[PDB]
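Below: the structure, in structure tokens.
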Amino acid sequence: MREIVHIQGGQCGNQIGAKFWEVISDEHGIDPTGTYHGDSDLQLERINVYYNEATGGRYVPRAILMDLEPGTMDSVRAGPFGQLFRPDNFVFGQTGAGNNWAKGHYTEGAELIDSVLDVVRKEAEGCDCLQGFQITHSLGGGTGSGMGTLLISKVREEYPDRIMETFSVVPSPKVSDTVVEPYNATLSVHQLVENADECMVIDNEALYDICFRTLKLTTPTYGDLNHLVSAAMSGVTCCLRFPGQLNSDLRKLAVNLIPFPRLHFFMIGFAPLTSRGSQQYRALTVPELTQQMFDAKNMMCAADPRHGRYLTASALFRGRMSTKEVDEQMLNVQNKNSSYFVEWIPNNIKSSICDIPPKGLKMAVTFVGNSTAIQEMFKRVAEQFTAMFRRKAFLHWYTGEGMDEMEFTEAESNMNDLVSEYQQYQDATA
Amino acid sequence: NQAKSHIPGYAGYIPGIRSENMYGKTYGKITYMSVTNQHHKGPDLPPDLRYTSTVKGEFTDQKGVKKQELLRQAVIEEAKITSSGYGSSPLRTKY
Amino acid sequence: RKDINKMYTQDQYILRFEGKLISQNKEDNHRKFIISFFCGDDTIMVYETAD
Amino acid sequence: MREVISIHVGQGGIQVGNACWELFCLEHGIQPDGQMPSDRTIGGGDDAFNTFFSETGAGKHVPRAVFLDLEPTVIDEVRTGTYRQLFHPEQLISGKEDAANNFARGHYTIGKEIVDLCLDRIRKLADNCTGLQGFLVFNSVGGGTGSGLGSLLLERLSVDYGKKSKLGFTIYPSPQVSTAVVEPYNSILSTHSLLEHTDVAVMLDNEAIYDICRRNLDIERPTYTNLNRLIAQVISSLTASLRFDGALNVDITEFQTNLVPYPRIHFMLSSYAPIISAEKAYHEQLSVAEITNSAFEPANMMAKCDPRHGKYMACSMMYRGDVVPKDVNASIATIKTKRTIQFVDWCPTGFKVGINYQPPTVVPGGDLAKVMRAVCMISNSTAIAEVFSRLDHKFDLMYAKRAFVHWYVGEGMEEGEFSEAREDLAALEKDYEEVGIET
Amino acid sequence: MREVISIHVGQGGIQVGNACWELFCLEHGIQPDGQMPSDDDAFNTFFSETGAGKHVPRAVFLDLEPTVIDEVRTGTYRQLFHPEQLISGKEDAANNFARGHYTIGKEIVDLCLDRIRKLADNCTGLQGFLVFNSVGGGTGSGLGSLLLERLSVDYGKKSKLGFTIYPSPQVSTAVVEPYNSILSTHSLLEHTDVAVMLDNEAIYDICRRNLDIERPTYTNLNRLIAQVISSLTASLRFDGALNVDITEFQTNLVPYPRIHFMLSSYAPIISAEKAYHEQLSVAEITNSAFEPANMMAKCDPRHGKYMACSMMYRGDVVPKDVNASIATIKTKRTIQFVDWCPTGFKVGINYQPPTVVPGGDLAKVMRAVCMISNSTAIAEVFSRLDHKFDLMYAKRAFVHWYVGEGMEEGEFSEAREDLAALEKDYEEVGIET
Ligand SMILES: Nc1nc2c(ncn2[C@@H]2O[C@H](COP(=O)(O)OP(=O)(O)OP(=O)(O)O)[C@@H](O)[C@H]2O)c(=O)[nH]1
Ligand SMILES: Nc1nc2c(ncn2[C@@H]2O[C@H](COP(=O)(O)OP(=O)(O)OP(=O)(O)O)[C@@H](O)[C@H]2O)c(=O)[nH]1
Ligand SMILES: Nc1nc2c(ncn2[C@@H]2O[C@H](COP(=O)(O)OP(=O)(O)O)[C@@H](O)[C@H]2O)c(=O)[nH]1
Ligand SMILES: [Mg+2]
Ligand SMILES: [Mg+2]
């Protein structure tokens, strides 16, 4: 009931889903063959949120994976839990976009989106009472940033009332792996601001920093990054699947965290995180959890909240605990850090409790916060974009398929206006 | 032998009082549960303990809690009753 | 003074009986009664049922 | 012959009704199945459970209650717990989509297709009883569905039934500790809705009960279960006069005749005593004098309001146990002659007292110890205006910049509805000090 | 019906309360559990019957270092005392008067006042308050003075008796005791009704000379003070030929409101080894009471006059043999009185003989006397301690410890002036017309 369907785009999105579905199947006790093997009753009542029942007693995720090249799908099918996916949900092209926003949004996008729109319409009409959509994709890739944005526009136009949630992987300045990042990133952000109900930013810089300095393991991997992202994203919707003292859903989080419709960019994290050699010395308590979580270093974005002010915040507590520690620590930190909290909205922290701890842990915390420090990402990427656009670099590759510089200019203007209005609230006073 | 839990306002240390929660209960029952180890300990959970969400793992049952309390009331008293004699207590050498 | 120690421990025990009245009047030799004995403080209560 | 219907809406309402019904079942001897035990085979005497339950003819007893929510998780938890066979399957009405802390959603769009079912079930329950005393409503005011459905239900009941008494045990947010961030809006709207539609309202904010639990029960980490148990104890003490014989009985109708001076002024505050743990309960005689002295202690309030800053208007207190009327009168005289407590000039005598014989019932696995004497006191004071005053400050401080207003406007509610709620709150505030000044 | 309330502050206060409340429990037969061992409202003065069975004492314990209190909570008498009348702080005053009187004593005094009000409301015939404190300590002297000041305005005319422990002339523990000794003297002079010297060197002498113990300890000292307290307060609860209340001290030993400092003594005090070699006549024990070497305060009565003496007899005494003893005392020339006091003896007699504590020190005896005497010789202790204060105040030693805790620099001056005025008053009263 109140189920959510899952759609992903690009190789980054496919790799994110390959780990997220593994984590969810492990949590719900689903074997790679798709047969229930749980140990408790509480693991089955709310399984229809992410799983569709089929004849033979097996469960299939209601996810559709798409890309413009078949290699990522041939790789993700063979991975663990890959047989869970219905082959009818795999929709792929034969050419590929090649890191070109226009190529993935206008030429092949229009002629390829029909089938994926058909299958997602079939899923949405089949489900009992749709709750909303969730997105995992990367903004630095051409096919992702184009097709995903176009599909978001189409599905938002077809279902205006349903909620929309996105996990964006914005390009990072220090560790960059392609030069066409500013163009497609700016265009994707411009298209996203008008349609995305919720947007969550993830940075490979932050993921690398966390995996290097917190877990202190020498050689990280995209598998570890995907594991961290999957745990963080499952912590958001855990309380939708399990009972607790205070229930909370995506709609409630949106209502409590977006004061204005054009301010829907957050920055998330996960806690607790500890190394193998240091997990036996730490003590798992609510003060420890909140102390680690409100640390700026733990954040999954390179944006430092201490350079801005928290417009609003929400913390999702997982596991059996007392309302004392939760509420008292929230009030205490809010009073002790009054300089980092905007004043014209009092008591701007939201809390929820889910009684089921994650497998392998006894307590956990998921935090989603809206702060005015996220604007530096847009500032830096727009500076790079305008610096490389002033000389008309790589512009022919975009203008050779019907795209004109008027669109680029309006994207620049809209993004700059967004940055300005988002910064104004930082200096706004009561 | 000690006494199997203490008076309310007793300052001091009660081993794992902050490590493994033990919320909601009065205090004498809490410190009784600490001196005599009836609690899981460790940063892990077997399947039996988890999937027991408040309303299911407490705020339920009919009299199983009642027979548990009388057993605890008996145990605490038989432990404490080991004291008698018209010689008061050795306060001089205990102090 | 009131016996408190007895009240705390034998509060839950309640004895219930079904009884019949014996008297000179003839109309009241058939109607039945329910007798309650509260042994917490030796209190006897009588209730009369109607067919 | 006397019956009362309890209404529970929202997560807080359901979670407190669960504790209330567990306490009632344990007090009347009802097993979770419904039969008294399977061992007592006489029964057929002392029909006092009829106030809260209803005989099915042979065996089990069904409560006279209805549960309302839009989030199905709590309803499924109730239907799955140990009380699965107790409640009627279709009086636990559950919605489909949650209101998600929005007043407009639960008042204009989603509440309409469930209010019909709720009213139908209410009519079915009301047709069974014959001496319906009144309705009780428990509502979490800080939740969207709770506030919206409470407002709609109260508005509908004010027309369908009319003169029947309704009692409101609302839970306003604590002055500094709260869970959500949008509670001032729907709190103010709910207050405006219930100002002209509730006969009696009682404050049940969480921080005060927290403070009581920490100091007396000596618990450092209590949870909502302890709060629900304390509130259920308060409700049981209030309602025990109906179904238990006593020296002085007080009914539901014996509140709006002896405790509320004016129709506009019915927002009140509650207190309970004694609260003590078994590990230190038996060292004190727990006399009626000391329990009624602790009852008037401002630190034992169930609402975060200090009566020392205002005047009293009417006080209703109920004693249960082995209390003596002469000791009651002596304690009343002592508290009257106490200087630190003052009454309003135009109310020379301000006490109504009822006495019940049944001592309070102790629940195994709870925190309270079993005792012999207890007092539950409801007083109307002018000082309650401060909670409305500070709640006004929070609302305007964020409404000046039109924060979150789009979330309410887009759900079909007129943008200007905040203004009349603010004016209603200002008028209610203005009324209180006018009464508070001397002639 | 008639009750007395005891106040204990500072670990000296608690470690005297332990001994005295052990002696009271043994005297009334109350078990350490608090249950009466089964078998006439004699216990009502010190204990309160809770409705069924146990009796809870009418006492409150105050301290800021929790170490001494935690022993009681973990001791054998854990079930006896009220869990919420053993008030314990967080940080001790650490031998600073200003700390416990202006900074950290304020947040704990309110709970003590609440508990005192709750306890006193239960009583119906409250007679007065008794206070035990250590003047030569931080929280004992600071907090206790604050409680005395607050009580003198909250309750007013209720009598207040004092048992304070002033430093010995040479045997001492700290260096800064003279500072916080002066300030507490200034506080108590205008706020307490009766004061009794309870120095430690004097009792050390009594133990060594009588009980034949070469290595005594504070616990041995505390038992003697408990015996003194019980002998003083016996008449309020046990039947006798002449009963005296605490208002018979407030009316017969204080000629003037300023002069209310007196001293205590006790006799006979003998070990069981040589207990059974003397007849211990009432004439013999009354002489040891007046013996200067038997004093419980480091004072020499031969260096001053007498004003009033109240001696309480308990045991198998007969009033006629009592009167002869006072006649012989008056006949004796080594003891002299003041001219303006022709009669100076108030005598009380009780039937209950003193009880002996198992594992104790004193022997079981059929007669004992406790004598509280007001004398002019008590002014000597003020002179020596004033000199000690002056020696280390000439150079402003340790002053910064006090100024930094919110106490004014000048406060040292007026407290000294009050002591000088007290010495002047005592020496002026001691003269003859
Ligand atoms: N005292 C107390 N308050 C509760 C309890 N449960 C919920 N609340 C209050 O309810 C507020 C949050 O709203 P909820 O009751 O959880 O949810 P709701 O009222 O059903 O509204 P929705 O969230 O839209 O479904 C909290 O701020 C609490 O103050 C409870 O068990 N005890
Ligand atoms: N005779 C006797 N004297 C004691 C006892 N306990 C403490 N004292 C005296 O107290 C003096 C020191 O002050 P304390 O009472 O110990 O400490 P305090 O008054 O609490 O002041 P702080 O140490 O700052 O907390 C010592 O010189 C002792 O003479 C006792 O049990 N018997
Ligand atoms: N976290 C994470 N990021 C990835 C992964 N694979 C690729 N990326 C990021 O995606 C960006 C490139 O995306 P791209 O391959 O062009 O996406 P595509 O155009 O949709 O195929 C790089 O900057 C990577 O940091 C992955 O497995 N995990
Ligand atoms: Mg809710
Ligand atoms: Mg000390």
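Order determines the names: the first chain of the structure tokens is A, the second B, and so forth; residues in each chain are numbered 1 upward, and ligands are numbered 1 upward as they are shown.
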Pick out the residues sitting within 10 Å of segment 408-413 of chain A, and hand them over as a list in words; count only C-alpha atoms, and ignore anything fewer than 5 positions along from it in its own chain. residues 183, 186, 187, 188, 189, 190, 191, 382, 385, 386, 389, 403, 418 and 419 of chain A
Please identify every residue of chain A that has at least one atom no farther than 9 Å from an atom of chain B, counting only C-alpha atoms, and for each give the shortest atom pair and the distance in Å to one decimal, arranged by chain then increasing number, as CSV.
```
residue,atom,partner,partner_atom,distance
A:39,CA,B:47,CA,6.9
A:40,CA,B:51,CA,6.8
A:41,CA,B:51,CA,8.1
A:42,CA,B:51,CA,6.3
A:43,CA,B:51,CA,8.3
A:243,CA,B:53,CA,7.4
A:244,CA,B:53,CA,7.2
A:245,CA,B:54,CA,8.2
A:279,CA,B:43,CA,8.9
A:280,CA,B:43,CA,8.6
A:283,CA,B:19,CA,6.1
A:284,CA,B:19,CA,6.7
A:285,CA,B:19,CA,6.8
A:319,CA,B:53,CA,8.9
A:320,CA,B:53,CA,7.3
A:321,CA,B:23,CA,7.3
A:322,CA,B:23,CA,6.4
A:354,CA,B:53,CA,8.7
A:355,CA,B:53,CA,5.5
A:356,CA,B:51,CA,6.1
A:357,CA,B:50,CA,7.5
A:359,CA,B:45,CA,8.2
A:360,CA,B:44,CA,6.1
A:361,CA,B:44,CA,5.9
A:362,CA,B:44,CA,6.0
A:363,CA,B:43,CA,9.0
```
Go ahead and save the picked residues with N, CA and C atoms, as a short mmCIF file (atom, residue, chain, number, x, y, z; two decimals), in the first residue's frame.
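Written out: again17.cif:
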```cif
data_model
loop_
_atom_site.label_atom_id
_atom_site.label_comp_id
_atom_site.auth_asym_id
_atom_site.auth_seq_id
_atom_site.Cartn_x
_atom_site.Cartn_y
_atom_site.Cartn_z
N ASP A 39 13.00 -14.43 8.98
CA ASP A 39 12.99 -15.04 10.30
C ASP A 39 11.87 -14.52 11.18
N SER A 40 11.28 -13.37 10.84
CA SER A 40 10.23 -12.76 11.63
C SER A 40 9.04 -12.40 10.74
N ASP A 41 7.88 -12.27 11.38
CA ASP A 41 6.66 -11.92 10.66
C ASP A 41 6.72 -10.48 10.14
N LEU A 42 7.30 -9.57 10.92
CA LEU A 42 7.30 -8.15 10.58
C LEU A 42 8.02 -7.83 9.28
N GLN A 43 8.64 -8.82 8.63
CA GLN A 43 9.38 -8.58 7.40
C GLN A 43 8.56 -8.80 6.14
N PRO A 243 6.92 -0.06 11.41
CA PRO A 243 6.21 0.76 12.40
C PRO A 243 7.19 1.45 13.33
N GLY A 244 6.69 2.49 14.00
CA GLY A 244 7.52 3.24 14.93
C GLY A 244 6.66 4.12 15.81
N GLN A 245 7.34 4.84 16.71
CA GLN A 245 6.64 5.76 17.60
C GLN A 245 5.99 6.90 16.81
N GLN A 279 35.43 0.04 16.14
CA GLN A 279 34.03 -0.20 16.46
C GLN A 279 33.84 -0.81 17.85
N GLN A 280 34.89 -1.35 18.44
CA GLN A 280 34.80 -1.96 19.76
C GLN A 280 35.10 -0.98 20.89
N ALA A 283 30.88 3.83 21.95
CA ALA A 283 29.64 3.48 22.63
C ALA A 283 28.46 4.04 21.84
N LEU A 284 27.51 3.18 21.50
CA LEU A 284 26.37 3.58 20.67
C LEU A 284 25.30 4.20 21.57
N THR A 285 25.23 5.53 21.57
CA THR A 285 24.19 6.26 22.28
C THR A 285 23.66 7.37 21.39
N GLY A 319 15.56 2.42 15.25
CA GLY A 319 15.79 1.54 16.37
C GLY A 319 15.02 1.99 17.61
N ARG A 320 14.90 1.06 18.55
CA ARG A 320 14.16 1.30 19.78
C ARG A 320 14.95 2.25 20.67
N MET A 321 14.30 3.30 21.15
CA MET A 321 14.95 4.32 21.96
C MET A 321 13.88 5.14 22.67
N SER A 322 14.33 6.14 23.42
CA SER A 322 13.44 6.98 24.21
C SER A 322 13.33 8.37 23.61
N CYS A 354 11.73 5.04 14.17
CA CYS A 354 11.38 3.74 13.62
C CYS A 354 12.05 2.66 14.46
N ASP A 355 11.26 1.68 14.89
CA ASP A 355 11.70 0.72 15.90
C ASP A 355 12.62 -0.37 15.36
N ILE A 356 12.67 -0.58 14.05
CA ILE A 356 13.42 -1.69 13.46
C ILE A 356 14.82 -1.18 13.13
N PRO A 357 15.86 -1.64 13.81
CA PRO A 357 17.22 -1.22 13.48
C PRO A 357 17.73 -1.94 12.24
N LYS A 359 19.99 -4.24 9.76
CA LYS A 359 20.61 -5.54 10.01
C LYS A 359 22.11 -5.36 10.20
N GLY A 360 22.61 -5.74 11.38
CA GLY A 360 23.99 -5.52 11.75
C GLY A 360 24.20 -4.33 12.67
N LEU A 361 23.16 -3.56 12.95
CA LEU A 361 23.25 -2.39 13.81
C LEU A 361 22.06 -2.37 14.77
N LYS A 362 22.24 -1.68 15.90
CA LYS A 362 21.17 -1.55 16.88
C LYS A 362 20.52 -0.17 16.87
N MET A 363 21.25 0.88 16.48
CA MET A 363 20.68 2.21 16.32
C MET A 363 21.32 2.87 15.11
#
```
Step by step, measure atom-to-atom distances between ligand 3 and each residue using only C-alpha atoms and all ligand atoms, keep those at most 9 Å, then write them as a ChimeraX atom specification. /A:9-16,67-69,72,96-101,104,137-147,169-172,175-178,181,202-205,207,221-226,228-229
Selection near residue 36 of chain C, 9 Å with only C-alpha atoms, sequence-local residues under 3 positions removed, as an NGL selection string: :C and (14-18 or 43-47)
Please provide the set of residues having any atom within 9 Å of residue 337 of chain E, restricted to only C-alpha atoms, with same-chain residues fewer than 2 positions apart removed, written as a ChimeraX atom specification. /E:304-308,335,339-342,344
With only C-alpha atoms considered, list every residue of chain D at most 9 Å from chain C, as a list in words.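 For chain D, the answer reads residues 40, 42, 43, 44, 45, 46, 370 and 371 of chain D.
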Taking the DSSP assignment computed from this structure's backbone, write out as number ranges by chain all residues of chain C that belong to helix (DSSP H, G or I). C: 4-9
Could you turn the residues from that selection into a file that holds C-alpha atoms, as a PDB file, in the first residue's frame?
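Generated output (again-v7.pdb):
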```
ATOM      1  CA  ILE C   4      -3.034  -2.483  56.031  1.00  0.00           C
ATOM      2  CA  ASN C   5      -0.755  -5.467  55.459  1.00  0.00           C
ATOM      3  CA  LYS C   6      -3.757  -7.768  55.046  1.00  0.00           C
ATOM      4  CA  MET C   7      -5.423  -5.340  52.633  1.00  0.00           C
ATOM      5  CA  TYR C   8      -2.467  -5.128  50.238  1.00  0.00           C
ATOM      6  CA  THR C   9      -1.871  -8.858  49.820  1.00  0.00           C
TER       7      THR C   9
END
```
